[PDB]
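Enquirer: Need the 3D shape of this:
(6 chains)
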Protein chains: 6
Amino acid sequence: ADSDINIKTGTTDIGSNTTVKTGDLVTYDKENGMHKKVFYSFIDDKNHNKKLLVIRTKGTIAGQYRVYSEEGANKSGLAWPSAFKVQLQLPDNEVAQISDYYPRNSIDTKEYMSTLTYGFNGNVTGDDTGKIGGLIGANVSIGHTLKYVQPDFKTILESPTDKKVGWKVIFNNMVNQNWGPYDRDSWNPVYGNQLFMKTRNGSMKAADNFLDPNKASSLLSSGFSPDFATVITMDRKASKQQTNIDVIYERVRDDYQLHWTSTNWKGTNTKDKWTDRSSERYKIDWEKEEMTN
Amino acid sequence: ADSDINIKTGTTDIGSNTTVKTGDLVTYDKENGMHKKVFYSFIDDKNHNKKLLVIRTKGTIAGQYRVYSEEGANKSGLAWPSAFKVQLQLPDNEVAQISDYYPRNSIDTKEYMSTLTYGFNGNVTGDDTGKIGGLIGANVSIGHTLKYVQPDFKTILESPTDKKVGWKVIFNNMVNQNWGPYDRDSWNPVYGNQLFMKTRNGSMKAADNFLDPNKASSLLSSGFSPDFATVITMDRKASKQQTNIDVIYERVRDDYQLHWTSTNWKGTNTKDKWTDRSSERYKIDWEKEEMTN
Amino acid sequence: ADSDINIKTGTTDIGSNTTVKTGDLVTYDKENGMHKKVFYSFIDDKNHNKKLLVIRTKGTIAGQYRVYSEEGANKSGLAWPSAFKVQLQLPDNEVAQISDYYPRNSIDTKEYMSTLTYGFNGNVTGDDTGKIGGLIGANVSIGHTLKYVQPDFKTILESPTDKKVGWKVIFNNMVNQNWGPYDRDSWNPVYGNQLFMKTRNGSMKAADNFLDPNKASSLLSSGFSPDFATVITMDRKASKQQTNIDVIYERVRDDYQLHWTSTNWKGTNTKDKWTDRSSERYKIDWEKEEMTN
Amino acid sequence: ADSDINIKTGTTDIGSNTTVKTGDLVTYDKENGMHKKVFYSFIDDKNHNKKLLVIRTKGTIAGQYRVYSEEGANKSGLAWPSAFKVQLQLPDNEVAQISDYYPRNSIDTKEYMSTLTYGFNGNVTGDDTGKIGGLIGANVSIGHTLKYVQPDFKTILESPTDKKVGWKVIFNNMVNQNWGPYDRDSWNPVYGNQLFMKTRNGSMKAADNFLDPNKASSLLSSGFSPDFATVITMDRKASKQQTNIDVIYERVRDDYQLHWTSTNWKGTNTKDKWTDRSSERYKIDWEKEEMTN
Amino acid sequence: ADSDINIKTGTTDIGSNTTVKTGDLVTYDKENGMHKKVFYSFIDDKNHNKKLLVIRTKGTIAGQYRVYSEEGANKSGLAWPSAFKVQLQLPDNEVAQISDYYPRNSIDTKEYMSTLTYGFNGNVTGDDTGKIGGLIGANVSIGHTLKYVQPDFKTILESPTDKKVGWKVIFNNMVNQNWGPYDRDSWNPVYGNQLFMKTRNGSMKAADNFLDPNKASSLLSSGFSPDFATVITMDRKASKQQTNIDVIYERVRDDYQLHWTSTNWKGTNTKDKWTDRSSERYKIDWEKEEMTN
Amino acid sequence: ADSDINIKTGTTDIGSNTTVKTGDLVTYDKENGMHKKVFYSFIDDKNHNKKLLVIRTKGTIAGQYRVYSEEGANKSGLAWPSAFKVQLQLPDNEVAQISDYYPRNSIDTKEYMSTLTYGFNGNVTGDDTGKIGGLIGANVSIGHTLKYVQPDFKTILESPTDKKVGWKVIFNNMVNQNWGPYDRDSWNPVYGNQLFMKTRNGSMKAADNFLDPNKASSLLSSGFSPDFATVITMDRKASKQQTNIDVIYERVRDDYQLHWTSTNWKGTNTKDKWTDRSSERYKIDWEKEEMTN
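Expert: Residues are numbered from 1 along each chain as shown, chains lettered A, B, ... in the order given. Take a look:
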């Protein structure tokens, strides 16, 4: 920060002495179950070499964890969100550029601990026959522990360019009633993938043997609220002072299936079975400092 | 935040240089045991493309944990809140939109720890007969631990649209005198669901064998105080500058029953037996910047 | 908070540009051992649709942990506070309303940890007779830990209405010289309830066998200092611009008894034996912005 | 706080727009080893219904941990502070009142953890004779841990009235060279109370067998510095605008004695053997806003 | 900081009373998959002996974790980023100098814990034949634990000069589905280097046996976003008031290979197989306070 | 700090109302691999009895961990930094004085934990002959843990005078691939000092058997960035208003040697084999408030 380099805090930041023009634009996509909000801010700081636009993509993508299929009592399937995505894209002929974005990817860490123990021990024994016994013993224990966080979802910044940026929030792993964690690839020879399996062998119908959504990550059902910021810069001398931008909200759904073998429930997961894609075009007017859709 | 993108903190936020009009509206619903308060704020920032209204829904929904039923000394029932809800809804023809809301769903995490220990040990033994013995030994231990939080209730943001938003605060699980946690589905072959069972086999009447409410989550009895924020935007050019908004406060009650078998207490829980719904209409006047009920 | 919804911090709070009228009112109730202080503040913010009054109830209710009874050397009793309470109440015909209050009830949480260990081990044995032996072994350990806080007292907000609000601070459980925790219902077949029992079997008189109050929660003796806030709103157009309000401070005392069996001390606790209630009426003048008693 | 009730931070606090008159008054009591300092502040905020005086009692009470007694090589005594106290008192005829005070008593908490482990294990054995053996085994472990803080001293607010307030800082327990903790009542049949005992059986004289003060709580020797605030309110219309107040600083000393039995050291503690009481009268002039002694 | 040396916070920092000229410069290098952004700030504080330029290098270097090679079902390779770098360099004849830079290298720490346990134990045994046995035993255990953090990548400041500075973010080690951590040199006699090996033994083709990038450090695929600051100072009297500076963004890729032996998968890692280097020249005009590319 | 003594925060700090003159001076010493930067600030506060100069010494001293020697395949040596130093010195005839400096030496702490466990256990045995056996057993475990931090380097303030001050950052200990920590004196009878030994026994040449610098403290190679502050005071009446000061940056290198015995690698460390000393003279002009070199 500025203070680590002997500069008064805030000296280098953009935007002081600037009337900032902001706006809100809401669209609800019923077919896709996505509340989509752009909150925008134009900053034309004259001591900066460019006009800036900060586009914050917010709203909420419904999770839509849904028992969708029922093919009799022994077979059923559940559609569930394995990824949520938001992307912004300037067309190829645009002079405006993607300059910055937040959040980004951070380095994950883990904590290592070594353990070392030496032991000596001794006994004297005896019985009522008058026999006396003894034992002298020694031991070593060497090992280690490794500790790290495992979020239910990872929030990842996709490799950006000057024309495109995106985030995916992807399913990582999850605990199912204190068992697991399970992921998209968990495989047990008898039970298959147990990710959303309620019981190993209850006599209910397949459709009633999926984890209650209240007992799973709430992103799976009620859903995920993006809160991502993209910065676009624009040269004040550029001929055309209008830019188009497309914003896509997306849900990728996996397909989780239960079937009764003759003796127990068995689960399968199929990756990326459905993709719901909600796309919208915005007009950026840098002269009026308005964004419209 | 602004500072991660090299912008002076607060540069992009709405509302400076604007006289903000605020208000409080209180209703008490005696039949439903709900103190309901709207705290509102109109922000008409002229550098923002829309009028805003922030509606904070507060008050308190009584828990009403209540021994309701007594059918002799061997049978009794307890009504208890498994869910509290607050929902706001704009009618279908309204041009005002739900733009933002807080709190939202956050990603849950868990802490994983791996474990490895190797061991070597030895003995020399002997007795007074002059007999000598020896032992050389080795061992491996491999394993893991998994750690995560389990709140008594989860606070969940329901999938919003541009016309509706809601929160549900739902019972998750609970400790009963250091045993458990139990939930709505706990089942023991002898004791049934033990969630609110005071004793496995005390000789009191059924009505006196429920957990003292002071020894359980205080939301269960005294109750839950919402503190939720909804943002509504309105176009200044819209023809009709009055909006109605309907607000529900809701309590869902489960039914927890004790009966004496000939030898012990046994508990049952039946989900969602009662629903208390308190509904109110508010009038938003965007020109006067008043909200009334 | 405002910044989660893209609004400048503090924009939506009441009270800027307002001369605030405050006051202190102290009463000491000798019979009840209660120092009672109301600190009040009138905020008539013209950009708010209502006059507000924040009433902070403070002071201190003496605990009064007291060895009260002595009926010879084998029997004695101790009066102790199991609950402290503060309530405010507007009479039924008042147009002023209770709008908000603080502190409130929060969701309690707990930390779950699973453990799993697999093990393999091996030995070679031998004695001086030349006999060689061996052992191959395996093991599994599965389990869990559950962690949560247990405060000595809980501070609970009672279900409010628009006319009444109250807090109770209730005894929960307590450690007695590193044993316990004990509560109001602890029962041991030989020792009874050991909550305030100094020794299982010392030869002192009954009156000298109670826990030193310095080794127990200091609320039990020196006592509890409320610090509760109630907000009352008032319509500026209301005909009558005086409101009465009653404030009650209360102590509920349990009765803890020791008796010598022929061989050991045995304790009894009887709940809510005494209630001390100190009640006071205040006059709120919204036009003068004064509160008096 | 104000922000939990939607009010701008600091709106309801007393004292803006007020010239505050402050003062320092120092007295040293040589006989009692007490540096006594009053730091005072008169706040006459005209928008508050009363004049206020905040009296901060500071300075330092020497601990005076002292080997005081020597009656030959086998017997010695140590005087040590088991309590420090500060009290303020308005005489009976005073119209001024005690309104508030800080610090107060807060609720202590403890952390509870349950543990549950199930185990299965097996072996195969054999010797060089070709004889094969086996073992199948199972186990359960159930229990709990309880964790809480134990400060060397507790700071306790004594039950106040509108005329008196006080704090006592009392000895709780203490670790002696990693053994203990011991308190005022620790009793071992052979060693007695070991609180300040250096060695169980060293051959030094009694006077040299007390814990070095550097290895004990530094409040015991160098001493305790009060930092307590008392608020007094005064009606501006009161006839008499002078108030007297008495302030007492106190040290209570226990008496810790060592004697040689014929074989080991044995300790005794006698409670409250000495009380050192330093008392001072101050004059509060509310019209001049001066405090003098 | 200033306050540790009795100086008002911020007194010694550069830049108050100075109009700061800032700018953004974005380039996207498609061949190299690097979004490159310079955010710059000229501070010409007249109370400072030099003009300053702070150059912040940001953007994102795609990770580009890529299964690149397929030579039938038994052999496949993966390209993965073992290092990201950003470097800035002033040509040899330039009078401008590198003065400061942030972040830097900090001292790593570790936590040491010693353990010591002594034990005594005893038994009495007996059977229905009247035979009695006894055992007295003792034990000592001595050891230690050592705890420290192991980030997936280290961020290292390369030894700077007055003409050059650089950072490398280098692969350190990584957990693969709870096994490991593995690094560039991990070697198991049967499995080779297991860093990105999905299964020890699965029957899939080689190209499908690499760790899912979602289950590895997200820097490996989506990539790394520099956020580094370089400070350049310039004498106001220097003859030439234009400076060039060359900036490299770099990715170093390792080569991770799987082959089927006749019985299991075996991995190889080859270090630094590919280097992608993207280079850009910037022109610093100290008189106009502009940076261009 | 000021507020602990009832004084408004910042009241007693130097420097308000003072135009502060600052400067940067950079020198790069190629022979010694030291980037050396002085950031200075003259504070002439007229309400302070002296002129002040704060000299911050920054830059970076390259670590220069270097395999330097190769005398065939069995012998090699590594030069490594065991100390970094920065010193400032006023000559003997100077009236200016060293007044303060930061960072300084802090008290190190450690955490002690005692453990005590008592146990009782019992068995009943039986065999198919009908014979019944039994065991009653008891046990005690007593001990302790000690926990403390061990940084790779310590940052130490050298004993200052009014004419000289310095810091040394010294090698403390280090972990080598999870073994150790080792220090400058570690000695194993077979392996010698293993500090930088890559393998106990690999068949590579000596020069390739040193720890990869990426797997060691990054100060060892890339190096250490001082960030030290020295305050010099000057009397305004002093005859001579020019001061010289010498600043030395220093690297002390140890010599770590590997040799093959006939069977394994063996390491030697020789302390302080080389010292690189980079010295510079600065001129302080208190009248012009400039520092030059």
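Enquirer: Show me what whatever residue of chain A ends up closest to chain C bridges to in the sheet.
Expert: Proximity of chain A to chain C (C-beta to the nearest C-beta) peaks at residue A:39, 5.3 Å away. Placement of C-beta: from N, CA and C, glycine included. In this entry, residue A:39 is beta-bridged to residue A:24, residue A:56, by DSSP bridges.
Enquirer: Same question for residue A:270.
Expert: Bridge pairing for residue A:270 - DSSP bridges - gives residue A:255.
Enquirer: Show me what the most centrally placed residue in chain A is bridged to.
Expert: The centroid of chain A falls nearest to residue A:169 when counting by C-alpha atoms, centre = their mean (2.7 Å). Following DSSP bridges, residue A:169 is listed with bridge partners residue A:84, residue A:155.
Enquirer: hmm, stretch A:105-114 touching chain E?
Expert: Yes - judged by C-beta under 8 Å from any C-beta of the partner chain, stretch A:105-114 comes into contact with chain E at A:105, A:107, A:108, A:109, A:110, A:111, A:112, A:113, A:114.
Enquirer: and chain F, which of those reach it?
Expert: Among the residues of stretch A:105-114 next to chain E, the ones lying near chain F by C-beta under 8 Å from any C-beta are A:112, A:114.
Enquirer: Run through who's touching stretch A:284-293.
Expert: Residues outside stretch A:284-293 that contact it (C-beta atoms under 8 Å, 6 or more residues apart in numbering or on different chains): A:21, A:23, A:25, A:27, A:38, A:40, A:42, A:44, A:51, A:53, A:55, A:96, A:232, A:234, A:241-245, A:280-283, B:49.
Enquirer: Next up, the contacts around whatever residue of chain A ends up closest to chain D.
Expert: Residue nearest to chain D within chain A: residue A:178 (11.8 Å; C-beta to the nearest C-beta). Residues near residue A:178 by C-beta under 8 Å, 6+ apart: C:112, C:114, C:144.
Enquirer: switch to 7 Å and redo it
Expert: C:112, C:114 (C-beta atoms under 7 Å, 6 or more residues apart in numbering or on different chains).
Enquirer: ok, now residue A:207?
Expert: Residue A:207 makes contact with A:67, A:70, A:76, according to C-beta under 7 Å, 6+ apart.
Enquirer: For it, give me phi and psi.
Expert: Residue A:207 adopts backbone torsions of phi -60, psi -20, taken as degrees, to the nearest 10.
Enquirer: so what's it closest to, chain neighbours aside?
Expert: residue A:76 (4.3 Å; C-beta to C-beta, 6 or more residues apart in numbering or on different chains).
Enquirer: Relative to residue A:67, how far out is that neighbour?
Expert: With the distance defined as C-beta to C-beta, to the nearest Å, residue A:76 ends up 6 Å from residue A:67.
Enquirer: So between the two, which is more surrounded?
Expert: More crowded of residue A:76 and residue A:67, by other C-beta atoms under 10 Å in any protein chain shown: residue A:76, with 22 against 19.
Enquirer: Could you list every helix and strand in contact with the strand or helix carrying residue A:82?
Expert: In the assignment (DSSP states H and E), residue A:82 maps to strand A:75-89. With contacts defined as 3 or more C-beta pairs under 7 Å, 6 or more residues apart in numbering or on different chains; DSSP states H and E, the packing partners of strand A:75-89 are strand A:51-61, strand A:66-70, strand A:164-171, strand A:242-260.
Enquirer: any idea which of the ones you listed is most buried?
Expert: strand A:51-61 (a mean of 24; mean count of other C-beta atoms under 10 Å in any protein chain shown).
Enquirer: Pull the residues that contact it.
Expert: Strand A:51-61 is contacted from outside by A:14, A:34-44, A:84, A:86, A:88, A:223-234, A:236, A:247, A:249, A:251, A:284, A:286, B:5, B:12, B:100, B:159-160, using C-beta under 7 Å, 6+ apart.
Enquirer: Of all the residues in the helix or strand encompassing residue A:268, which ones are buried?
Expert: For residue A:268, the host element (DSSP H and E) is strand A:265-285. Applying a neighbour-count criterion of 16 or more other C-beta atoms under 10 Å in any protein chain shown, one finds A:265, A:266, A:267, A:269, A:276, A:278, A:280, A:282, A:284 buried in strand A:265-285.
Enquirer: can you tell me which of these lies nearest to residue B:198?
Expert: Comparing those against residue B:198 with C-beta to C-beta picks out residue A:265 as the nearest, at 35.8 Å.
Enquirer: what residues are up against the closest one?
Expert: Applying C-beta under 7 Å, 6+ apart, we find residue A:265 in contact with A:191, A:197, A:199, A:200, A:201, A:209, A:258.
Enquirer: Next, work out how far apart the nearest residue to the third one once chain neighbours are set aside and residue A:183 are.
Expert: It refers to residue A:199. Leaving aside its sequence neighbours, residue A:199 sits nearest to residue A:209 (C-beta to C-beta, 6+ apart; 5.9 Å). Separation of residue A:209 from residue A:183 (C-beta to C-beta): 20 Å.
Enquirer: Same question for residue A:280.
Expert: 32 Å.
Enquirer: got it, and residue A:4?
Expert: 40 Å.
Enquirer: With residue A:91 instead?
Expert: Computed as C-beta to C-beta, the residue A:91 to residue A:183 distance reads 37 Å.
Enquirer: from memory residue A:226 sits against residue A:86, does it?
Expert: Yes - counting by C-beta atoms under 7 Å, residue A:226 touches residue A:86, with 4.8 Å between them.
Enquirer: what about those two, which has more around it?
Expert: Between residue A:226 and residue A:86, counted using other C-beta under 10 Å, residue A:86 has the larger neighbour count: 25 against 21.
Enquirer: What count of nearby residues applies to residue A:183?
Expert: Neighbour tally, residue A:183, other C-beta under 10 Å: 19.
Enquirer: Check residue A:25 too.
Expert: With other C-beta under 10 Å as criterion, residue A:25 counts 21.
Enquirer: contacting residues for residue A:188?
Expert: residue A:194.
Enquirer: Tell me the bridge partners for it.
Expert: Note on residue A:188: beta-bridge partners residue A:192, judged by DSSP bridges.
Enquirer: Pull up the gap between it and residue A:180, please.
Expert: 11 Å.
Enquirer: Ok, residue A:278 next?
Expert: 32 Å.
Enquirer: swap in residue A:104?
Expert: 29 Å.
Enquirer: So which of these two has more stuff around it?
Expert: residue A:104 (20 against 16).
Enquirer: Look up how far chain B lies from the closest residue to that one other than its chain neighbours.
Expert: Distance criterion C-beta to C-beta, 6+ apart; nearest residue to residue A:104, sequence neighbours excluded, is residue E:225 at 4.1 Å. Remark: distance between residue E:225 and chain B (C-beta to the nearest C-beta, to the nearest Å) = 10 Å.
Enquirer: tell me the contacts of residue A:136?
Expert: Contacts of residue A:136 (C-beta under 7 Å, 6+ apart): A:122, B:124.
Enquirer: what do you get if the cut-off is 8 Å, keeping everything else the same?
Expert: A:120, A:121, A:122, B:123, B:124.
Enquirer: ok, of these, which come out buried?
Expert: A:121, B:123.
Enquirer: Could you report the neighbour count for residue A:204?
Expert: Applying other C-beta under 10 Å, we find 12 residues neighbouring residue A:204.
Enquirer: Then residue A:287?
Expert: Neighbour tally, residue A:287, other C-beta under 10 Å: 9.
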